[PDB]
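To begin, one chain is listed below as structure tokens, in the form solved without its partner chain.
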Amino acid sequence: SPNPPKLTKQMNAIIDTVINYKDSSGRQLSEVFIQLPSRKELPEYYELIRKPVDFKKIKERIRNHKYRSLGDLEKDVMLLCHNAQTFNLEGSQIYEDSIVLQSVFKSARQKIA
């Protein structure tokens, strides 16, 4: 099992849709989640978050064929949104952002596979 091209294209498309998504207001919800903060700017995050992941890492994993399925991919997206729900205050915009991105990923997953 190496990963067929179509799987890899699918994932990229899905994760591309999540990243480029904008709300009605025109805003791109993912922007903050693309890169993990520095251990200098936000050391508490890395005390508080067991397994840190950003959208850059997810793309690394797709490119390097490390997800064996769409469901392995999804498990890293939900970790991302979960890390974001853990660290950020409930009802904060980042917290709410992560929940919509969960949703956007699921929709993308059906419109694409």
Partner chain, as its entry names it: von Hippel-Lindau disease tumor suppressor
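Positions refer to the first chain, counted from 1.
Although not depicted, the form solved in complex with its partner chain is the subject of the following passage.
- Heavy atoms of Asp16 never reach within 4.5 Å of its partner chain in the bound PDB entry, leaving it off the interface.
- Interface residue remark: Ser92 is counted as part of the site for its partner chain in the bound PDB entry, having a heavy atom within 4.5 Å.
- Contact check for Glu31: a non-hydrogen atom falls within 4.5 Å of its partner chain in the bound PDB entry.
- At least one heavy atom of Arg27 is located within 4.5 Å of its partner chain in the bound PDB entry.
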